[PDB]
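Chains as they are written, first to last, in the authors' numbering: chain F, 10 to 29, 35 to 107, 128 to 174; chain X, 1 to 154; chain O, 1 to 186; chain R, 1 to 95; chain J, 1 to 97, 109 to 167. Presented below is the structure to which this report refers.
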Amino acid sequence: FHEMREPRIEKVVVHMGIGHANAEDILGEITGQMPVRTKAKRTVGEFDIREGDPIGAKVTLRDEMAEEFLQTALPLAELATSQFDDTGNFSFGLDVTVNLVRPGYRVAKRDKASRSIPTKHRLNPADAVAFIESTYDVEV
Amino acid sequence: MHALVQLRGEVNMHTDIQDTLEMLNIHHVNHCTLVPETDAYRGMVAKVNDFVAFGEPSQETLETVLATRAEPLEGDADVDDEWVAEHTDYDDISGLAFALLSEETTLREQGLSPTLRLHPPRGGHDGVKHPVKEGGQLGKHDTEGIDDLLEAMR
Amino acid sequence: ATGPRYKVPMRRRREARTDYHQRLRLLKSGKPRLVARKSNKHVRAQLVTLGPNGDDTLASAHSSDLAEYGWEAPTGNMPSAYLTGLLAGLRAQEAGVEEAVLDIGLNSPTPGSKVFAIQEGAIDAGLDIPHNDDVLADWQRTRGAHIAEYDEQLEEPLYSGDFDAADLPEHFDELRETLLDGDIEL
Amino acid sequence: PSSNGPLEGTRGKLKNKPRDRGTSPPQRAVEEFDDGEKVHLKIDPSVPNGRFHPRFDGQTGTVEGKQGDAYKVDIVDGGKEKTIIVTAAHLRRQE
Amino acid sequence: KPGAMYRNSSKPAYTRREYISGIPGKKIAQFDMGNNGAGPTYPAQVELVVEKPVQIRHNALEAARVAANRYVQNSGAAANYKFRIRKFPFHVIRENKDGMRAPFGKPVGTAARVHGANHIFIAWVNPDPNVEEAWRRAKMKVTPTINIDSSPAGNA
RNA sequence: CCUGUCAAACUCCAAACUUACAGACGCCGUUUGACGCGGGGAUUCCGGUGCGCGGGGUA
RNA sequence: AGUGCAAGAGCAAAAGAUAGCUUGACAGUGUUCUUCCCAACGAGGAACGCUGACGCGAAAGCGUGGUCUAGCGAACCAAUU
RNA sequence: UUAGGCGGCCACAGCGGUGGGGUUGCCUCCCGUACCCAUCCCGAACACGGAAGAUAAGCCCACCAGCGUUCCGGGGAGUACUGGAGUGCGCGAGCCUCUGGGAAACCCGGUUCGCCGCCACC
Ligand SMILES: [Cl-]
Ligand SMILES: [Cl-]
Ligand SMILES: [Mg+2]
Ligand SMILES: [Mg+2]
Ligand SMILES: [Mg+2]
Ligand SMILES: [Mg+2]
Ligand SMILES: [Mg+2]
Ligand SMILES: [Mg+2]
Ligand SMILES: [Mg+2]
Ligand SMILES: [Mg+2]
Ligand code: NA
Ligand code: NA
Ligand code: NA
Ligand code: NA
Ligand code: NA
Ligand code: NA
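Rendered as structure tokens:
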């Protein structure tokens, strides 16, 4: 049963929601790979009327690239609980979000006969705190 | 097999109705025809229901009428037993009548005009403004009801 | 689901199995479809026609019934695909089928992909199919050379037990060679 | 009518019931008919092309050859004979 | 103006406010009267039933309703009863106030279409039918002839 | 939850009925030639009423 | 939601969004429906072909301008190819 | 069909939920990036190569009706409406009789947790 039910880290998105950049540089070094531009939608008063327009960057880290990052990111965070997703996710911080899920997730991401993950096989906030907490730190 | 008798004139009556009476071989007030009880024939008489008088006649009545008002497809010739015999598959009027009612043959198939041009009802009919259930003379009738009319117009 | 006014996708769309917009462009030709499908371990190739109550398969070939002819290698690779294509192609020919269009279903038209391999094979089997030569692999990769060389970077057998150690694109030739004359079910 | 465009008064006939909403199945858009075959004309709200003048929705014509993939269906408008260019998507076999 | 001009239900249903504008406000003050805090938990229930389909202008509704409830103070301002007028004036009515040229009238008011046999008014009382009298007065101000029907009340 | 009402430019529903085509019966046509085709000559393009359904209008 | 604009209608692995590429908003000539139900009537419009030349795509295929119904103009004369 | 591929009809098939199933025909998740190919950044996806592990997802199998849907019984209802007829009624609005058709809401009880086609396959 287990093994194919025990949590795992799938991507850690580190993004800097600026308002117009030179910031990419630090994300590249802080993560280890190129950042991605962040265009925005809708015209607004914060002199942000431009639809297509660089307004920040992000970086999606997977596998070791993600751990090797969290192995310093997490340490710089304290928070826990309430600050957790209903799906077992959590964002802290410059932002650093962590998407957590179980083994058969490719089922909801693939092209062919894709399917959404059943609620039972979904990850709960609790089941999440356990997995991470059980990896160099403390909850709440 | 029902006996159809037109009791209301053509003036003002819908054309699609009038044409039906015409397809059923009736072209004058007081003319009668004998129609089989089929789905097709049912629909037609229902559509004509308000300007006609119909029902199933008794053997005798049909006979009286046939004798009194039947005609060759052409000519004056009186249709009596001898005529019936020397001209039809049957041996006499009753033989013919029975066949009609049992819907085995038709006035045409026997070289007879599909129309029994009856006489006005002696003593008059019950009116052409109300149906039978209302004391009138329009619509479906009792075998006793039809016979009375048919006989009075013999 | 929600109400009377709710609209439920057709079944094969709920299942994410059939792309109906493409299916229509496919049926347009009026020709039989060369259905190229895959699996983690296998590769299927069917020749489908249209029918009163659903499609009709007039000829097929599955990477598994490949061994039935001497295949002693894995069945989810390029050489496998090609051959399965050639196998179905031939059976197809036997069935009186002469032309068909390539239905790669929900797969991507990536160059040198296995579906195109399935297509190259089917064509070589004698089946007439609208294609584009330079979207296909360069014969060698079809043979399975990309894998042989990959095992050159050995240190540990690419194949767990299986057959050989340095693998054999030759085994590929021997098989293609075989399918090109006589034998049962062809 | 306040206007005389083709779609005048076609709000009902050229609209789908909510559940038949969305792309139509390709099976009937590819059906093959033969000259002499009787077919019912009914535009499919979801199929933009291959249509005919709405006035003819409900007619039962007789296929008589085709033009390109579209068929040429003979019908009689009132008392006038007419040839309608229509695709299978908007046709159905009689009986 | 007279009821004569609007009492018949011969014109089309005219109620789409998305296409009609300048519609006068209803004069009907309220629809729930008496102890509306309480629910119909009364022994007796009399209703006023219209006997012919008619159009009743918000004018008459208010005048009929007032006349009845205003009288139901034979029971006192905060007496124990609840009175309901279940109909609402949805039908917009016009007047062509040029002779017959461009005669589509202009909105002048509203009315309620009541079908013969519907009950326009419903009262709820304890064996104390002064309400029967409140209605001899209410159907006095509406076009139709009416029926004063008693429902839960075998206390005769 | 409970409770009070509506729609010519609303519709989860939904007739009667009208309508395309075909079969069947009826009726009609093959000396009274129907259906249809071609040609000659018009008149006519102020209409009205009853009933059913209407839209406008206090009427 | 969006799809340039009335209203009604169409559309979700798209008819919408993003990206990239492209100029089929191409020349020639027709069939058919519409304009004008039935039922004659021009310009205009549309649907659907063919010939030629092209664009994109692995390909089936799609492109006869914009998802559909408005956005239009005779003879004579002039200019233009 | 001891798990497959392509479909037809396109909710009777949807939504939600319970139980069962894999040394193998198998499907998957899964393992992994030298290659074909790939991410405006990530072998996540796509593509390619492969079996150490698993039946927890998916999927296939058996089942539940709470919701949505389909059809049926009984009631609503031969009610509403309506094609044809009337020297029937009514000041009128309108109604009634005869004849031929005939609903919707809602309630109660069943049904429905897909059916079927081709191909392949201990
Ligand atoms: Cl596949
Ligand atoms: Cl047309
Ligand atoms: Mg004679
Ligand atoms: Mg006398
Ligand atoms: Mg009399
Ligand atoms: Mg309408
Ligand atoms: Mg009509
Ligand atoms: Mg277009
Ligand atoms: Mg001039
Ligand atoms: Mg399980
Ligand atoms: Na559709
Ligand atoms: Na004036
Ligand atoms: Na009164
Ligand atoms: Na024209
Ligand atoms: Na950019
Ligand atoms: Na499983």
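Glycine included, each C-beta is placed from N, C-alpha and C at the ideal position.
Which chain F residues sit within Cβ distance under 7 Å of residue i?
i	result
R17 (chain O)	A147
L106 (chain O)	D145 and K146
List the residues of chain R whose Cβ lies closer than 9 Å to the Cβ of residue i, in chain order.
i	result
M10 (chain O)	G22, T23 and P25
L27 (chain O)	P26, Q27, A29 and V30
Below 8 Å on the Cβ atoms is my guess for residue i versus residue j; work out the distance and round it to an integer in Å.
i	j	result
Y42 (chain J)	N137 (chain J)	6 Å
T38 (chain X)	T115 (chain X)	Not a contact, Cβ separation roughly 19 Å.
Thinking C-alpha only, which one of the options is nearest residue i?
i	options	result
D139 (chain J)	J:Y81, J:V49 and J:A128	J:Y81
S148 (chain F)	F:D161, F:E15 and F:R140	F:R140
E167 (chain F)	F:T45, F:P89 and F:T131	F:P89
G25 (chain J)	J:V142, J:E62 and J:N69	J:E62
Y82 (chain O)	O:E99, O:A100, O:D55 and O:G112	O:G112
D142 (chain X)	X:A53, X:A77, X:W83 and X:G9	X:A53
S21 (chain J)	J:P118, J:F31 and J:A134	J:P118
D81 (chain X)	X:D16, X:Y90 and X:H119	X:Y90
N77 (chain O)	O:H21, O:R143 and O:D181	O:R143
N30 (chain X)	X:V132, X:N49 and X:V5	X:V5
Rounded to the nearest angstrom, what separates residue i and residue j at their Cα positions?
i	j	result
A54 (chain F)	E60 (chain F)	12 Å
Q119 (chain O)	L179 (chain O)	16 Å
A29 (chain R)	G79 (chain R)	30 Å
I147 (chain O)	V115 (chain O)	18 Å
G58 (chain R)	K7 (chain O)	26 Å
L134 (chain F)	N107 (chain O)	28 Å
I23 (chain J)	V92 (chain J)	7 Å
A46 (chain X)	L21 (chain X)	11 Å
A88 (chain R)	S29 (chain O)	15 Å
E86 (chain X)	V79 (chain X)	10 Å
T121 (chain J)	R57 (chain J)	6 Å
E72 (chain O)	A45 (chain O)	20 Å
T83 (chain R)	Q67 (chain R)	12 Å
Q30 (chain J)	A78 (chain J)	16 Å
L186 (chain O)	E174 (chain O)	17 Å
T74 (chain F)	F106 (chain F)	15 Å
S80 (chain O)	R76 (chain F)	32 Å
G50 (chain R)	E31 (chain R)	13 Å
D100 (chain F)	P16 (chain F)	15 Å
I133 (chain J)	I28 (chain J)	16 Å
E95 (chain J)	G3 (chain J)	13 Å
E95 (chain R)	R23 (chain O)	28 Å
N129 (chain J)	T154 (chain J)	14 Å
Given that a residue counts as buried once 16 or more other Cβ atoms are within 10 Å of its Cβ, and exposed if not, what is residue i?
i	result
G65 (chain R)	exposed
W139 (chain O)	exposed
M13 (chain F)	exposed
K143 (chain F)	exposed
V49 (chain J)	buried
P6 (chain R)	exposed
residue 187 (chain O)	Because chain O is modelled from 1 through 186, residue 187 (chain O) falls outside the range shown and cannot be assessed.
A67 (chain X)	buried
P49 (chain F)	buried
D55 (chain O)	exposed
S150 (chain F)	exposed
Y71 (chain R)	buried
In chain R, which residues lie with their C-beta within 8 Å of the C-beta of residue i?
i	result
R23 (chain O)	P26
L102 (chain O)	The premise fails here: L102 (chain O) is roughly 17 Å from chain R at the closest Cβ pair, so nothing lies under 8 Å.
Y20 (chain O)	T23, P25 and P26
Quick one: which chain O residues come within Cβ less than 7 Å of residue i?
i	result
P18 (chain R)	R5 and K7
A29 (chain R)	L24
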